[PDB]
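First, one chain by itself: the form deposited in one PDB entry, in structure tokens.
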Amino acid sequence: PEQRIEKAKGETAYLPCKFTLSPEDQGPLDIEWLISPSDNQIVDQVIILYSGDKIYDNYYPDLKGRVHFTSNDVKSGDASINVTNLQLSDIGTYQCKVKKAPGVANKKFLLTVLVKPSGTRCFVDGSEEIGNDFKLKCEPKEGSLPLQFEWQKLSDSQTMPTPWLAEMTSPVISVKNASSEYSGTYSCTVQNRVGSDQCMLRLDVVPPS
């Protein structure tokens, strides 16, 4: 089991890792967390240890100061960690390895970090001319999937061209055989569960010449 944990950038991830001891488990309690980041191909890197009743946490410089055991009494049965001020670079697989010999247990977490849509650009791809085919595009610079789009007409009738109604919730509107009546100011609003962004374009459909 690889449990998915999903949080937004800047929030804190809780990676729970509670454990029961068998009375047979007489060896010293030893706990190791390791990361395998997405951003690169290093694998199984120690980020924090509990060993000899002491915490060692100076391991992985990208996580400096941001990884802590959740509990104030780890030896009672809680190996959970907090990862605070989440960065996009913290996306990866986190493994909790608990040992109290002969007992050994592991668990993995797949951490994803979400970001709201931002830097969203609204633009026309093509010549804005009567009879032409061109494209209305709403392109976020950043934004975690799944993303929702919604075009609206801000100017004049405040009503989207009927032929475009099917692509109204799409990032791209593929305009065919353009009418001058399609002209106007249009808004693209993009959202995901973190947040929202909006942009605007002006369409001016003129005779081709």
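Numbering starts at 1 and follows the sequence shown.
- When the two stretches 29-37 and 168-176 are set side by side, the higher mean Cα temperature factor goes to 168-176.
- Across the two stretches, 115-123 and 94-102, the PDB entry reports the greater mean Cα temperature factor for 115-123.
- Residue set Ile42, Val46, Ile55, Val67: peak C-alpha B-factor at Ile42 (per PDB entry).
- Among all modelled residues in its chain, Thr12 ranks in the lowest third by Cα B-factor.
- The entry lists a Cα temperature factor for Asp78 that places it in the lowest third of the chain's modelled residues.
- In this PDB entry, the Cα temperature factor of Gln148 sits in the top third of its chain's modelled residues, the highest group.
- Ranked against the other modelled residues of its chain, the C-alpha B-factor of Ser51 as given in the entry falls in the lowest third.
- The PDB entry assigns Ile130 a C-alpha temperature factor belonging to the highest third of its chain's modelled residues.
The same protein has a further form, the form deposited in another entry, not shown here; the description that follows concerns it.
- Of the listed residues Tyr59, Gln26, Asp30, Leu114, only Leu114 lies at a hinge between rigid parts moving between the shown form and the other one; the rest are more than 12 positions from any hinge.
- One change in the other entry concerns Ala79 and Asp39, whose Cα atoms lie at least 3 Å closer than in this form.
- Look at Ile42 and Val67: in the other entry their Cα atoms move 3 Å or more farther apart than in this form.
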